[PDB]
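Engineer: Can you read through this structure? Questions will come right after.
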Amino acid sequence: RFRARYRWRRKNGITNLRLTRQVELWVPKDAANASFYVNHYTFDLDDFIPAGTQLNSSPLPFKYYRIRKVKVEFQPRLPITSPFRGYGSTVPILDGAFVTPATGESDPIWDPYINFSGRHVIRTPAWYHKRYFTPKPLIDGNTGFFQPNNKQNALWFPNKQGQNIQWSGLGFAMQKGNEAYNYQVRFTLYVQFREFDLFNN
Amino acid sequence: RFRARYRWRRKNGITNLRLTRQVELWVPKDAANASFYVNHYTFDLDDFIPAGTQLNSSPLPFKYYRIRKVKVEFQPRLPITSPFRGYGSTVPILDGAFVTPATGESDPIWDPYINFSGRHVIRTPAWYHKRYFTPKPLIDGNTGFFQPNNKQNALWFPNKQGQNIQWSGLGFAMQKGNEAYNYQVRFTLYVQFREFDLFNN
Amino acid sequence: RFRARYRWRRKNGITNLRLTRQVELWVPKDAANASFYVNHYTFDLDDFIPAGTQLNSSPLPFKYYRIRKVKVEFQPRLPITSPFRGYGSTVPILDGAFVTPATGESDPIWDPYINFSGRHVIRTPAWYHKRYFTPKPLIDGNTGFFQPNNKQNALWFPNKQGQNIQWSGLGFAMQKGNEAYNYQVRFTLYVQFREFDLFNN
Amino acid sequence: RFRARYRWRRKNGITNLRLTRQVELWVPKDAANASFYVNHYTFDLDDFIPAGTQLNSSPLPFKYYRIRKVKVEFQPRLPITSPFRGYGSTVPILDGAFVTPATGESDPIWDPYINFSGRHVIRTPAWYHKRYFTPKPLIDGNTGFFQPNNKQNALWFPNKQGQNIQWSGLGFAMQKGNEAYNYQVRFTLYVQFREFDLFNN
Amino acid sequence: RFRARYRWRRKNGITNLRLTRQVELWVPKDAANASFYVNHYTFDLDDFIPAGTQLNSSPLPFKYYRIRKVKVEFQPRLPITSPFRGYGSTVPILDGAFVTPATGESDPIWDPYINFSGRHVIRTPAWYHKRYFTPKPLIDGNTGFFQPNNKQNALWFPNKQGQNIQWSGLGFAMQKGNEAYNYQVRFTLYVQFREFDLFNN
Amino acid sequence: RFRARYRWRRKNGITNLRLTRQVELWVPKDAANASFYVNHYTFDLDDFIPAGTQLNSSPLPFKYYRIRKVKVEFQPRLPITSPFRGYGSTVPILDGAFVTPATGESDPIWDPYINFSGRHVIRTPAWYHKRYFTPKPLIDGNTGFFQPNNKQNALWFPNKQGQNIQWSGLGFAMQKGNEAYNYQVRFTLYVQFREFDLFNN
Amino acid sequence: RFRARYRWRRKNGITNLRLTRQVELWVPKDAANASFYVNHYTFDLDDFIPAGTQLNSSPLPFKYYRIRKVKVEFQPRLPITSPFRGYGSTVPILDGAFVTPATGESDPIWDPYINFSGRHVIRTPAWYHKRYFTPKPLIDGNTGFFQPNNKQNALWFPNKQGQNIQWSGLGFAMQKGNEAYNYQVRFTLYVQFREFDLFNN
């Protein structure tokens with residue numbers, strides 16, 4: 001009754017791991033104009049797992065995977081005695097279509113994520129902020145479909161180490177003050193793997 | 001009550017894997033003398049897992065391990081229509097001290113494992129034979145201690161990939177007929193790992 | 001029923017003491033390179049107990065000991081108005097094999113403990129951080145075995161005062177900003193002693 | 001329920017034997033100085049079992065052993081009408097580190113075992129005295145670890161007949177009067193053996 | 001309910017130890033006069049504990065103590081075939097005022113402790129005799145007060161190692177025959193300590 | 001249950017006696033000035049018990065004592081037809097510090113004990129007055145401590161016959177009329193003794 | 001049943017008051033040496049109560065007292081933005097013997113109270129810290145006895161206003177940084193008084 005779920009994890013090699021990577025978020029300065037810094041983050045499994053050997057292509061010796069949850073943690077670098085407090089917005093964009101502008105066009109003076117249904121408020125000189133959600137894989141670019149949050153029906157993907165697809169996550173907009181502040185963004189993937197394959201000579 | 005064992009496997013990264021390797025057992029010929037072929041098998045984790053990278057030293061990214069069970073399977077190569085049937089003995093030698101003679105001295109004409117408390121009968125032209133037991137790690141050579149079969153109290157060992165200790169397993173004695181017969185020995189380790197560590201750049 | 005545990009503590013002299021020592025953690029400066037400071041801490045009983053007399057070799061007059069728990073407390077020296085916040089990782093490394101590099105090679109630019117199963121986040125200009133766990137004794141260097149967390153089956157060790165073995169504890173990685181910050185690390189051993197021996201003239 | 005312990009003793013050849021050896025304890029004389037005679041006893045299995053043959057190395061044809069209990073019996077040689085009564089101390093020293101001095105230094109004038117947690121009083125011209133305890137094997141000399149008294153988790157050791165390790169037992173201190181008195185010390189091991197192996201030609 | 005007494009012993013460092021020392025009682029000879037040998041014993045903690053170091057003044061690293069019980073054991077040196085049997089008296093004198101005469105005046109021909117309310121009969125060539133009672137501390141010499149036997153209300157005293165006060169114990173009177181007989185008096189203190197303080201460099 | 005209190009009184013010789021002594025209180029005359037006569041009474045055991053012999057120092061052959069209660073009875077000498085009635089105050093002063101002035105300074109014109117918490121009114125030509133309380137022993141003069149009224153925890157004191165300490169009792173203030181009136185003060189001690197010692201030749 | 005405790009407080013004048021005094025704790029500077037500032041505090045009732053008149057010697061008109069509890073509150077003077085954080089230790093020393101050195105010898109570089117059974121951690125630029133315990137009166141200097149924590153059996157002491165004894169309290173050790181920081185120590189006595197005496201003219 002619960003011992004059949006144990007046989008399913010042993011017949012197919014189901015393993016929940018937790019991968020963690022860090023990046024630096026550099027927000028530039030904006031002297032008395034109240035602009036925003038709109039960008040985004042997608043999660044590729046090649047950034048969380050290093051390169052393997054010639055025999056074993058991946059350091060995690062599994063064939064299939066799916067990412068259950070992502071925890072995106074904006075960790076401040078500045079103290080709470082900063083001269084300017086900002087208030088941005090973080091949304092999970094599962095559609096793969098972001099409001100991030102390309103280079104050449106100016107940064108907006110208004111918050112584009114402020115009316116979204118899943119926006120949280122990032123306070124942006126000195127405060128921690130985490131989002132914890134289910135990412136959606138960027139399978140197709142023509143239709144851009146994703147499936148609802150169903151753990152039993154989530155699609156499995158091959159662990160390919162170099163051709164690994166990216167999963168659509170977060171879009172943020174942070175206010176810009178008179179100083180260029182920093183953040184240390186930490187991405188934590190909660191991956192579920194399947195069919196352990198370890199080649200040997 | 002059972003959900004505390006789930007938190008213990010997630011806090012320390014407990015993962016049961018199943019590693020498999022093969023070797024060829026060549027038994028020589030013995031024309032009308034009824035000798036035995038006494039040898040043994042110890043299990044080193046470096047033979048089951050290949051070499052890793054410079055960053056990740058092992059393809060299995062865990063720090064600690066212990067081998068729960070070994071299945072040693074003598075798989076025949078010859079058909080059951082062989083002109084001579086033999087009857088040997090397989091024992092689990094946990095002490096690390098085998099009755100295997102060195103080179104230079106002759107092979108015995110009598111079965112040395114036949115009076116042991118845990119001997120099984122291998123039929124040795126053409127029949128399958130498996131042993132499934134708990135190996136014991138060869139920690140010390142001066143005292144040669146091992147602990148009783150207790151899953152909760154089994155010692156943990158560092159996965160070192162090149163300095164991995166060997167675990168004391170099986171000793172066998174196979175009869176030798178007028179033909180050199182073959183076996184394909186398959187070792188299956190049921191390892192339990194701990195504290196998943198995956199270095200990343 | 002509980003009065004038999006009282007006779008066992010009186011027949012063998014069982015005494016739980018709590019020893020405390022302090023050390024200074026100096027993290028150097030790193031101007032705009034985002035390096036890490038990876039080091040470790042092992043716990044030797046000779047650092048917590050001073051030297052005794054010629055008659056009584058130890059100020060704690062017991063013959064055997066075992067360390068039940070260690071509390072490692074990183075206590076800040078800097079205020080929370082520091083210009084740079086860092087985010088490192090603390091792990092209990094029971095295997096005795098650390099990721100600490102020797103002198104001559106450079107400090108890493110990436111967190112090596114970030115994917116470990118038992119990492120906690122140390123915030124590293126100004127915030128307190130404690131780890132509380134069971135240390136493991138560094139008995140052998142060839143096999144590096146340790147036993148699981150079982151209070152009833154923990155090995156007893158002679159209190160020797162000068163030949164006391166070290167117990168494998170914590171490995172940490174702290175970010176380095178533009179200033180050399182300080183920490184006051186406090187180690188608290190929760191030792192259990194046995195067989196009180198007090199020599200007298 | 002109890003028939004599974006019967007199959008475990010038959011699958012692995014468990015046999016409890018009781019070995020007995022004797023030695024002579026010579027305590028020298030000490031004219032009006034009230035010195036002590038401090039010495040010790042360790043238990044080696046080579047002293048209790050004689051030499052075997054070339055085929056069977058040991059007269060007890062088992063491969064593994066562990067000593068459950070030792071009974072050390074100081075049996076007097078002198079009658080109770082002796083002109084001087086002495087009062088010493090017997091302790092079980094499991095740590096392997098005794099207070100026995102080497103040759104060249106004088107014998108102490110004070111009882112060194114008198115404050116120990118497990119001392120019993122030996123009356124030392126004419127009275128019987130027995131200690132009955134669990135010995136601890138002297139596995140390592142660097143760390144000197146031993147395990148708690150747990151019958152289910154006691155380590156097994158190879159019966160090697162010539163390389164057999166010694167087990168740490170008793171340390172005693174007997175008063176010395178004006179006459180050299182004698183004792184007949186009787187050591188009784190309660191050994192448990194495993195995996196009966198009897199080689200045959 | 002009983003777990004509050006466990007927190008009280010851990011908050012204040014309560015530890016029951018058992019200290020033991022020995023002395024020689026020399027009773028002189030008295031040819032056909034039937035005199036008595038009246039003396040006494042007080043218990044100082046400096047006689048049971050040796051000298052410490054400069055850092056830790058005492059080998060027992062506690063600050064406060066109180067002696068719960070004393071066991072005074074007169075252990076014979078002579079056999080039971082002695083030509084003269086004597087019959088003395090042992091009393092616990094808690095008041096601190098003994099009937100022991102100074103040097104210069106003769107020893108009495110009559111038993112002074114024989115009518116006391118707490119006298120026991122010591123048989124004095126060859127027989128063992130123990131007293132087990134609560135000692136009383138010699139706090140003041142002007143009033144000589146002591147408190148009743150109440151374990152919960154017993155006064156705590158500083159462990160000072162050189163200024164330690166003496167506790168009022170036993171007064172004895174032993175008959176003297178035609179031979180100078182010996183005794184080995186053994187004092188066993190059952191001390192309770194408090195507030196473990198171990199200085200460290 | 002009550003038979004254990006009987007064994008305690010027989011093992012230690014507990015005996016409640018009742019000692020009685022008398023003294024004359026002379027209050028002087030004071031013609032039309034309304035002064036007071038302030039004095040006090042302390043209770044020494046040497047005043048209630050006479051001198052003993054050389055062998056037995058005290059007529060009450062006990063070693064320890066404590067005074068449970070004192071009854072101080074002011075018994076009049078004058079009839080109720082006296083020309084002046086006075087109204088003083090009696091207090092139990094347990095602290096040992098009285099308001100009694102020394103010689104040389106005048107007697108007060110106001111009642112000093114009238115506002116005390118335990119004052120009773122003595123009517124002072126012709127009326128009887130008793131106080132019945134627990135005295136407190138004058139142990140120390142530097143701190144002047146006493147213990148609360150607890151019969152089970154009362155301190156025991158040596159019966160020394162000549163060095164017996166005094167116990168702090170009553171302080172009174174009686175009005176003075178035109179005639180010098182008399183009182184016969186009767187002190188009744190309710191002593192409890194311990195450890196009957198009767199020396200004999 | 002509870003109305004007898006009301007009559008006891010009215011017959012003897014029992015009154016619980018709460019006295020409060022303040023002092024300034026000046027900790028000196030120590031440039032890069034990591035020394036400690038070890039000192040102590042004893043509580044005298046003459047510091048909490050001012051001088052009285054000639055008639056009434058004390059402004060609190062009671063004769064006896066005992067201090068039930070002391071609250072020692074280290075109140076910071078510096079803000080939490082201080083450049084150096086320190087971590088000391090506060091212990092209740094009831095024995096009257098402190099580790100405070102006299103003038104002439106240097107201040108220690110190590111914490112002497114860190115291994116004590118009742119140490120709390122004072123954080124020492126800017127944080128509040130309170131201890132709340134039962135003080136012990138410094139009655140004798142030769143034996144230094146104190147009684148256990150029993151409210152019903154606590155000794156009463158005379159309120160003398162100028163000869164009032166001191167009660168043994170707290171010993172602290174505070175780290176010293178590059179600046180001389182301040183504290184405002186507040187002592188709150190919870191005294192219980194007895195036998196209200198108010199002299200009147």
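Following the order of the structure tokens, first chain is A, next is B, and so on, with residues numbered from 1 inside each chain and ligands from 1 in the order they appear.
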Please, which residues of segment 13-166 of chain F, numbered as in this document, come out strand (DSSP E) from DSSP, as an NGL selection string?

Structural biologist: :F and (15-26 or 36-44 or 62-76 or 89-92 or 129-133 or 136-137 or 157-158 or 166)

Engineer: Residues near residue 68 of chain D, anyone? I mean within 6 Å using only C-alpha atoms, not counting same-chain ones fewer than 3 positions away, as a VMD selection string.

Structural biologist: chain D and resid 134 190 to 191

Engineer: Just write the chosen residues, N, CA, C and O atoms, as a compact mmCIF listing (two decimals), in the first residue's frame.

Structural biologist:
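Result went into result_10.txt, see below:
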# COMPACT_ATOMS: atom_id res chain seq x y z
N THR D 134 33.54 -8.42 31.45
CA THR D 134 33.77 -8.52 30.02
C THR D 134 35.13 -7.93 29.68
O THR D 134 35.36 -6.74 29.96
N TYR D 190 35.18 -17.39 28.91
CA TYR D 190 33.91 -17.87 28.36
C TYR D 190 33.84 -17.38 26.92
O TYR D 190 33.33 -16.31 26.62
N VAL D 191 34.40 -18.17 26.02
CA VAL D 191 34.56 -17.77 24.63
C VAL D 191 33.33 -18.22 23.84
O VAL D 191 32.66 -19.18 24.20

Engineer: Between atom CA of residue 135 of chain G and atom CA of residue 92 of chain G, what is the distance, to one decimal in Å?

Structural biologist: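 Atom-to-atom, atom CA of residue 135 of chain G to atom CA of residue 92 of chain G, that is 8.0 Å.
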
Engineer: Using only C-alpha atoms, which residues sit within 7 Å of residue 196 of chain B once same-chain residues fewer than 5 positions away are excluded, as a list in words?

Structural biologist: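 Counting only the stated atoms, we get residues 13, 61, 62 and 63 of chain B; 116 and 117 of chain C.
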
Engineer: Any idea what's packed within 6 Å of segment 29-36 of chain G, counting only C-alpha atoms, ignoring anything in its chain fewer than 3 positions away? Could you give it as a list in words?

Structural biologist: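 My list of contacting residues is residues 108, 109, 173, 174, 175, 176, 177, 178, 179 and 180 of chain G.
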
Engineer: In Å, with one decimal, what is the gap from atom CA of residue 97 of chain A to atom CA of residue 159 of chain A?

Structural biologist: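 So the answer is 24.5 Å.
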
Engineer: Looking at only C-alpha atoms, which of D:98, D:64, D:193, D:110 is the one that sits closest to chain B?

Structural biologist: D:64

Engineer: Could you please tell me, as an MDAnalysis selection string, which residues of chain E have an atom within 6 Å of chain C when using only C-alpha atoms?

Structural biologist: chainID E and resid 50 53 59 200

Engineer: Fewer than 3 positions away in the same chain doesn't count, so skip those; otherwise give me all residues within 9 Å of residue 124 of chain E, counting only C-alpha atoms, as a compact mmCIF listing (two decimals) with C-alpha atoms, in the first residue's frame.

Structural biologist:
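The new file around.txt reads:
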# COMPACT_ATOMS: atom_id res chain seq x y z
CA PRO E 76 42.81 -6.25 60.93
CA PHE E 84 44.51 -11.93 73.56
CA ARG E 85 41.11 -10.68 72.45
CA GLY E 86 40.10 -7.12 73.21
CA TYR E 87 36.73 -5.33 73.14
CA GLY E 88 36.68 -1.56 72.60
CA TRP E 127 38.21 -8.57 63.44
CA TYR E 128 36.86 -6.13 60.87
CA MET E 174 40.71 -0.24 71.98
CA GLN E 175 41.96 -2.62 74.65
CA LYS E 176 45.70 -3.24 74.87
CA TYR E 181 48.76 -5.12 67.31
CA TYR E 183 45.11 -2.06 62.11

Engineer: Within 6 Å of residue 136 of chain B, counting only C-alpha atoms, which residues show up once you throw out same-chain ones fewer than 2 positions away? Write them as a ChimeraX atom specification, please.

Structural biologist: /B:94,167-168

Engineer: With N, CA, C and O atoms kept, could you save the residues just selected as a compact mmCIF listing (two decimals), in the first residue's frame?

Structural biologist:
# COMPACT_ATOMS: atom_id res chain seq x y z
N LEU B 94 34.67 -14.13 6.14
CA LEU B 94 34.61 -12.75 6.61
C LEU B 94 35.88 -12.37 7.35
O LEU B 94 36.16 -11.18 7.52
N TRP B 167 36.62 -5.55 0.78
CA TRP B 167 35.70 -6.20 1.70
C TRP B 167 35.81 -7.71 1.49
O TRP B 167 35.86 -8.18 0.35
N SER B 168 35.86 -8.44 2.60
CA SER B 168 36.17 -9.86 2.54
C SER B 168 34.93 -10.68 2.22
O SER B 168 33.92 -10.60 2.93

Engineer: What are the DSSP alpha helix (DSSP H) residues of segment 7-186 of chain A, as a list in words?

Structural biologist: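 Going through segment 7-186 of chain A, the alpha helix (DSSP H) residues come out as residues 7, 8, 9, 10 and 11 of chain A.
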
Engineer: Kindly export the residues of the current selection with N, CA, C and O atoms, as a PDB file, in the first residue's frame.

Structural biologist:
ATOM      1  N   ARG A   7       8.833  -0.132  -4.236  1.00  0.00           N
ATOM      2  CA  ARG A   7       9.296  -0.972  -5.334  1.00  0.00           C
ATOM      3  C   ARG A   7       9.396  -0.177  -6.628  1.00  0.00           C
ATOM      4  O   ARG A   7      10.237  -0.477  -7.479  1.00  0.00           O
ATOM      5  N   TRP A   8       8.547   0.841  -6.788  1.00  0.00           N
ATOM      6  CA  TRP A   8       8.609   1.688  -7.974  1.00  0.00           C
ATOM      7  C   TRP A   8       9.864   2.553  -7.983  1.00  0.00           C
ATOM      8  O   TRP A   8      10.431   2.809  -9.050  1.00  0.00           O
ATOM      9  N   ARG A   9      10.311   3.010  -6.813  1.00  0.00           N
ATOM     10  CA  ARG A   9      11.537   3.793  -6.739  1.00  0.00           C
ATOM     11  C   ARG A   9      12.778   2.931  -6.900  1.00  0.00           C
ATOM     12  O   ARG A   9      13.841   3.455  -7.247  1.00  0.00           O
ATOM     13  N   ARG A  10      12.671   1.630  -6.649  1.00  0.00           N
ATOM     14  CA  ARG A  10      13.805   0.728  -6.783  1.00  0.00           C
ATOM     15  C   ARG A  10      13.868   0.084  -8.162  1.00  0.00           C
ATOM     16  O   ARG A  10      14.965  -0.190  -8.659  1.00  0.00           O
ATOM     17  N   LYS A  11      12.715  -0.153  -8.791  1.00  0.00           N
ATOM     18  CA  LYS A  11      12.690  -0.675 -10.150  1.00  0.00           C
ATOM     19  C   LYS A  11      13.175   0.353 -11.160  1.00  0.00           C
ATOM     20  O   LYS A  11      13.826  -0.015 -12.142  1.00  0.00           O
TER      21      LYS A  11
END

Engineer: Kindly give the distance, in Å, that separates atom CA of residue 89 of chain F and atom CA of residue 74 of chain F, rounded to a single decimal.

Structural biologist: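 Here the two named atoms are 12.0 Å from each other.
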
Engineer: Taking into account only C-alpha atoms, which residue in the set C:38, C:139, C:155, C:185 is nearest to residue 113 of chain C?

Structural biologist: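 Answer, going by the shortest atom-to-atom distance: C:38.
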
Engineer: Could you list, as an NGL selection string, every residue within 8 Å of residue 45 of chain A, counting only C-alpha atoms and ignoring same-chain residues fewer than 6 positions away?

Structural biologist: :A and (161 or 164-166)
